[PDB]
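Enquirer: Before the rest arrives, take these chains from my complex:
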Amino acid sequence: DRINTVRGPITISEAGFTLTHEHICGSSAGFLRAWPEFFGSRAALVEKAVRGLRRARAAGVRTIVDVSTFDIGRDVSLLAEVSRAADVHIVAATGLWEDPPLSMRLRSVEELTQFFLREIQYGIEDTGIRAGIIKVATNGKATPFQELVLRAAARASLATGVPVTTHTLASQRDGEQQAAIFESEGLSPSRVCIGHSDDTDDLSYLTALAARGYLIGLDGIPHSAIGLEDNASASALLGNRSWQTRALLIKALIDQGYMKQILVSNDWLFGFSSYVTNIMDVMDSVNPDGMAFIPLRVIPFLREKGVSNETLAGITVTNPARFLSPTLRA
């Protein structure tokens, strides 16, 4: 009946329109503290994030789930500052992404479970802010350590009811192996979102996940390098499929009976240090709406394609609330 945010517990009704996969800043552990000038300044990053979240709020967004883990350089004090200034709830994450340092990579499944439970049940470092979601990652076949991370995420979710959300290399159908590992630990698919699923057009893969009960994260809708002439790094990151192609996967899954299992987001950021320099400028030129892209551009697009207002409100309000509200079976 309560979801943990960076400003404390909120009721399910208070979450409202929720973007389920976003980042204030995509970075690395300790990086913002040690080199704030990379972002201009910490204050410039804060100001940019507050302006972006205020524009998202004006477009109807009420909550974002920041799926930055320890190794994305999640700074919950930064999230709290931006959340207060913008009047947008922010749910923080535990888990591990694709860049864990040695002190994480050498840990056992039991040790990792203790760490994820610390961040859900006690607090993130000394802040008392508790995570409301567990983020994990693979890029193709899981490494041995990533198998431990997936298992520890399942154990933390089974103890607390907090859901799991994943990064995939969708072209390698990673959700299949992720699901197998989660289910081997006894985790309900209703507690799991297989993310970056809009990176693929393979309906057999997407429906195989949805048929088992997984939530499907169509979370990078504005990610596209179409019309970026000869930018190899942006093309590799964003892909060559249009935002319309990605958005039509929302309609595709609705038409197959999976409206209650779709989660939609932008996978946007206000700073981004874990990729090439100036990538944030390139991304902002592609999508000047930032996190407001979903309500301002995707929702009207889907309405014109015949999707109802009621169905889209279910996807953007009802589904995130059911996903985020702690439970063992949703």
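Expert: Done, it's in. Residues are numbered from 1 along each chain as shown, chains lettered A, B, ... in the order given.
Enquirer: so how far is stretch A:36-56 from its chain's centroid?
Expert: Per CA atoms, centre = their mean, to the nearest Å, the displacement of stretch A:36-56 from the mean C-alpha position of its chain is 19 Å.
Enquirer: Can you give me the buried ones in it?
Expert: The neighbour-count check on stretch A:36-56 (16 or more other CB atoms under 10 Å) flags A:39, A:42, A:45, A:46, A:48, A:49, A:50, A:52, A:53, A:54, A:55, A:56 as buried. All C-beta spots, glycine's among them, are computed from the backbone N, C-alpha and C.
Enquirer: Also stretch A:277-284?
Expert: Buried residues in stretch A:277-284, counting neighbours by 16+ other CB under 10 Å, are found at A:279, A:280, A:282, A:283, A:284.
Enquirer: Report the contact partners of residue A:74.
Expert: Listed by CB atoms under 8 Å, 6 or more residues apart in numbering, the contact partners of residue A:74 are A:66, A:68, A:92, A:93, A:124.
Enquirer: which of those lies closest to residue A:289?
Expert: Within these, proximity to residue A:289 (CB to CB) peaks at residue A:66, which comes in at 18.4 Å.
Enquirer: that older thread, and the buried residues of stretch A:277-284, which of them are in helices?
Expert: Secondary structure from DSSP state H places A:279, A:280, A:282, A:283, A:284 of the buried residues of stretch A:277-284 in helices.
Enquirer: so what's the nearest residue to the second one once chain neighbours are set aside bridging to?
Expert: Setting aside the residues directly before and after it, residue A:280 is nearest to residue A:272 in space (CB to CB, 6 or more residues apart in numbering), at 4.6 Å. Using DSSP bridges, the bridge partners assigned to residue A:272 are residue A:26.
Enquirer: What is the neighbour count of residue A:142?
Expert: Residue neighbour count, defined by other CB atoms under 10 Å, stands at 19 for residue A:142.
Enquirer: repeat for residue A:33
Expert: Residue A:33, neighbours per other CB under 10 Å, totals 11.
Enquirer: helix, strand or coil for it?
Expert: Following DSSP: H, G, I helix; E, B strand; the rest coil, the label given to residue A:33 is helix.
Enquirer: which ones are touching the closest residue to residue A:36 other than its chain neighbours?
Expert: Spatial nearest neighbour of residue A:36, excluding adjacent residues (CB to CB, 6+ apart): residue A:42 at 4.3 Å. With contacts defined as CB under 8 Å, 6+ apart, residue A:42 is in contact with A:32, A:36, A:78.
Enquirer: Tell me the buried residues in stretch A:71-87?
Expert: A:71-76, A:78-83, A:86.
Enquirer: Centre of the chain to it, how far?
Expert: How far stretch A:71-87 lies from its chain's middle: 15 Å, per CA atoms, centre = their mean.
Enquirer: With stretch A:119-138 instead?
Expert: Counting by CA atoms, centre = their mean, stretch A:119-138 is centred 14 Å from the centre of its parent chain.
Enquirer: Between the two ends of that stretch, what distance do you get?
Expert: End-to-end distance of stretch A:119-138 (CA to CA, to the nearest Å): 21 Å.
Enquirer: what's residue A:38 in contact with, if anything?
Expert: Residues in contact with residue A:38 (CB under 8 Å, 6+ apart) are A:31, A:273.
Enquirer: Mind doing that once more with 6 Å?
Expert: residue A:273 (CB atoms under 6 Å, 6 or more residues apart in numbering).
Enquirer: Residue A:271 versus that one, what's the distance?
Expert: Between residue A:38 and residue A:271 the computed distance is 8 Å (CB to CB, to the nearest Å).
Enquirer: sorry, back to before: go through the ones in helices among the buried residues of stretch A:277-284 and name the one nearest residue A:199.
Expert: Set against residue A:199, the nearest of those by CB to CB is residue A:283 (15.8 Å).
Enquirer: so how far is residue A:174 from the closest one?
Expert: For residue A:283, the distance to residue A:174 equals 23 Å [CB to CB].
Enquirer: Append chain B to the structure above:
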Amino acid sequence: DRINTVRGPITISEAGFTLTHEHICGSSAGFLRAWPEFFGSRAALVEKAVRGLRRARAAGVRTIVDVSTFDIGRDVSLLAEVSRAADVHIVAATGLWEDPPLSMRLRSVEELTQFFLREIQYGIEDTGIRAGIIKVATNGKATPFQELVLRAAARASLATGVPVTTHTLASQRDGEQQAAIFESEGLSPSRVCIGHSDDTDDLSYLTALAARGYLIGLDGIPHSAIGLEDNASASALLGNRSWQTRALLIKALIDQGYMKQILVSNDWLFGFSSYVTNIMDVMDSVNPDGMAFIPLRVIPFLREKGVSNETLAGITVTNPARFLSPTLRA
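Expert: If we add chain B to the chains shown above, we get the following:
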């Protein structure tokens, strides 16, 4: 005429007996903040470090160089606390070790130079504490990013006079490639210590470095897994050569005319999270003297083998002061 420590500038005379390659805690960026229970508690780690440094001080140590970089999880506030409580000077490091995160690995040589200069000239994150040494690393042939790190370290040293110290895989003769890269940037070998050089018995490699003017870091004297029955992880980390074999390399280089180029240390730690769990307990059982091993065991051993007190005072007092005092040519 001044060396930066975690408590401010000290004179060259104040450095005294100096251990040139040590760690308060071998960790990862942000790890101690996010999971202090891994070490029991932060307070337990502090107490262990203070007791260890007090025993080292009683044995004659006056300064240690903590060569923990950003990616070793260097916490300069922790170093300052331990330094004040133990009455032992601590020099902090900038640079990058073998575990840089994506936000570092994607940077250019110019960006890395700015970061190293920030930590030498301005301060480490918001503390105002300035680094007195630059630490870099290879493990075999340098990766493309490690080549950039080595070049940026050379540029930072050329601008400031602060020396460079290295991690090597000594069996692969890494010092040869490190030297070639440093010299391509114009760095004087007198500003560089090639570390972990006691990991090898190859006198042709060691004398080739010393003949060019490099300082030779015989920095892991107590590291040995001899007498550890069937501990594969400790054997892989510590090696099967005795501490006496390592210590005799000090005499070997003295006998070849290189007494002024030898730097000696323990490469000890009080916490260690970047390796297998409980490694600190294994290491403490091998060497209960910790950082006091050099003065309590190595110095008397070398005296019995015929090395003079004057020569050993030159190695432990004069050489570190010449190395650490900022200059372009020492």
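Enquirer: Could you re-examine the neighbour count of residue A:33 with chain B now present?
Expert: The tally of other residues near residue A:33 (other CB atoms under 10 Å in any protein chain shown) stands at 19.
Enquirer: Leaving out chain neighbours, which residue sits closest to it?
Expert: The shortest distance from residue A:33 to any non-neighbouring residue, by CB to CB, 6 or more residues apart in numbering or on different chains, is to residue B:125 (4.4 Å).
Enquirer: What of residue A:182?
Expert: Nearest residue to residue A:182 in three dimensions, chain neighbours excluded: residue A:154, at 5.0 Å (CB to CB, 6+ apart).
Enquirer: Which secondary structure element is home to that neighbour?
Expert: Assigned by DSSP states H and E, residue A:154 belongs to helix A:144-160.
Enquirer: what sits up against the helix or strand following that helix?
Expert: The first helix or strand that comes after helix A:144-160 along the chain, using DSSP H and E, is strand A:164-167. With CB atoms under 6 Å, 6 or more residues apart in numbering or on different chains as the test, strand A:164-167 has contacts from A:67, A:133-137, A:153, A:157, A:178, A:192-196.
Enquirer: list the buried ones in strand A:164-167?
Expert: A:164, A:165, A:166, A:167 (16 or more other CB atoms under 10 Å in any protein chain shown).
Enquirer: what's the answer for stretch A:18-32, then?
Expert: The neighbour-count criterion (16+ other CB under 10 Å) identifies A:18-32 as the buried residues of stretch A:18-32.
Enquirer: Restricting to those residues, which residues neighbour chain B?
Expert: Filtering the buried residues of stretch A:18-32 for neighbours of chain B using CB under 6 Å from any CB of the partner chain leaves A:27, A:28, A:29, A:30, A:31.
Enquirer: Which residues of the stretch 151-300 of chain A lie near chain B?
Expert: A:273, A:274.
Enquirer: could you pull out the helices for the stretch 1-150 of chain A?
Expert: With DSSP state H, counting those that start in this stretch, the ranges of helices along the stretch 1-150 of chain A come out as A:12-15, A:31-34, A:42-58, A:76-86, A:102-105, A:109-117, A:144-160.
Enquirer: helices or strands next to the last one in the packing?
Expert: Helices and strands in packing contact with helix A:144-160 are listed as helix A:109-117, strand A:133-137; criterion 3 or more CB pairs under 6 Å, 6 or more residues apart in numbering or on different chains; DSSP states H and E.
Enquirer: what comes into contact with that helix?
Expert: For helix A:144-160, the surrounding residues in contact (CB under 6 Å, 6+ apart) are A:95-96, A:105, A:109, A:112-113, A:116-117, A:120, A:134, A:136, A:138, A:164, A:181-182, A:185, A:187, A:191.
Enquirer: coming back round to it: buried residues in the helix holding residue A:154?
Expert: Quick answer for helix A:144-160 (16+ other CB under 10 Å): A:145-158, A:160.
Enquirer: Ok, stretch A:133-142 next?
Expert: Buried, per 16+ other CB under 10 Å, within stretch A:133-142: A:133, A:134, A:135, A:136, A:137, A:138, A:142.
Enquirer: Residues touching that stretch, excluding its own?
Expert: A:65, A:67, A:69, A:91, A:93-95, A:97-98, A:116, A:146, A:149-150, A:153, A:156, A:163-167, A:169, A:172, A:174, A:177.
Enquirer: can you check stretch A:284-296 too?
Expert: Contacts for stretch A:284-296 (CB under 6 Å, 6+ apart): A:22, A:52, A:55, A:56, A:59, A:60, A:222, A:264, A:266, A:268.
Enquirer: Does the first one touch residue A:61 like I think?
Expert: Translated: residue A:22. No: in this structure residue A:22 lies outside contact range of residue A:61 using CB atoms under 6 Å: 9.4 Å.
Enquirer: My understanding was that residue A:100 contacts residue A:71; is that so?
Expert: Yes: with contact defined as CB under 6 Å, residue A:100 and residue A:71 form a contacting pair (5.1 Å).
Enquirer: Now tell me what touches stretch A:207-224 from outside.
Expert: Against stretch A:207-224 from outside (CB under 6 Å, 6+ apart): A:21, A:175, A:189-190, A:192-195, A:197-198, A:238, A:242-243, A:246-247, A:249-250, A:258, A:261-267, A:287, A:293, A:298, A:323.
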